[PDB]
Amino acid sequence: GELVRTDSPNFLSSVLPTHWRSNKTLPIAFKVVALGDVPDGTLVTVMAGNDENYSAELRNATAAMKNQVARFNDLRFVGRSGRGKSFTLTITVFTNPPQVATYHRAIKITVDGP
């Protein structure tokens, strides 16, 4: 239930692993929390990428706000960052107009995981 800051003062998130196995269910369901006043049903997506891969494959990367929290049911990281690299996670909140926030830490995704 721990929340951390994103690089936007309007959004917090739950905590993800620093390194996880490709396609494996996460230990803690991902959440995005609005501090500002965001309407129920507001869509939220996550995208992962790096210099070698603009949008790595994910699963279940869309959620909807309910009472200022968007809970991703089973977000999974499919694409591998693999070799000496990691991914930056961008959160897009579909208010009008949309807002972006970056998850605070890079995430490494490998076939074996930690």
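Quick note: we count residues from 1 along the sequence shown, nothing fancier.
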Third of the chain, ranked by Cα B-factor, where residue 6 sits: middle
CA B-factor placement of residue 38, once the chain's modelled residues are sorted into thirds: highest
Chain-wide C-alpha B factor ranking for residue 56, given as lowest, middle or highest third: highest
Third assignment of residue 66 from its chain's C-alpha B-factors: middle
Third assignment of residue 44 from its chain's C-alpha B-factors: lowest
